[PDB]
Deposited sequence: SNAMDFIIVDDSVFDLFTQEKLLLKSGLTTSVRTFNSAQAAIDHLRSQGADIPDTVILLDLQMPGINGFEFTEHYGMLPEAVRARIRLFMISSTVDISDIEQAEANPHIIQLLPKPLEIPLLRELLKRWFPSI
């Protein structure tokens, strides 16, 4: 039982991604945000009682590495319930290195999202 939060400035990509995630049995609750601020605002109202939550954050957006700065300010107890992933259509080796260096970014995923790739990846980070 996982919640999904998508953060993307592209309205087309936002709704499309939401559609695909719902189309699979990967999740039944998709929350969508068009801005980092609104995404951060929602997270600041959450406690450690929230379900296993996956956050899909777009790279070329505040952007991705400004979002993580505000994200790192959230209490550790709520961050522990969350697995944050970076998504992007363009992927140069410089982006990969930065995501790797960023503690909150688990992995950089390519666009469009590969559902079987992510479903397997969820086994690793949300076990049992």
Report task. Would you mind checking the deposited sequence against the model and listing the stretches with no C-alpha coordinates? Result -> 1-2, 64-65, 133
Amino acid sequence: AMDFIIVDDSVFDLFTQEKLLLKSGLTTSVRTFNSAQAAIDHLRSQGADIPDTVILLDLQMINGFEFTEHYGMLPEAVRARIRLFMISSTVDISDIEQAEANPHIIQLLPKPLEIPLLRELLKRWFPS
From here on, numbers count along this sequence of modelled residues.
Report summary line: Comparing 93-101 with 72-80, the higher average Cα temperature factor in the PDB entry belongs to 93-101
Query raised in the report: According to the deposited model, is the average Cα temperature factor higher in 49-57 or in 82-90?
Result: 82-90
**Report entry** Residue of maximum C-alpha B factor among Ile106, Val11, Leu22, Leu109, per deposited coordinates
**Finding:** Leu22
Query raised in the report: Going by what the PDB entry lists, where does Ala38 fall on CA B-factor within its chain: lowest, middle or highest third?
Result: middle
Report summary line: Assert third(CA B-factor, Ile5) within chain per record equals lowest
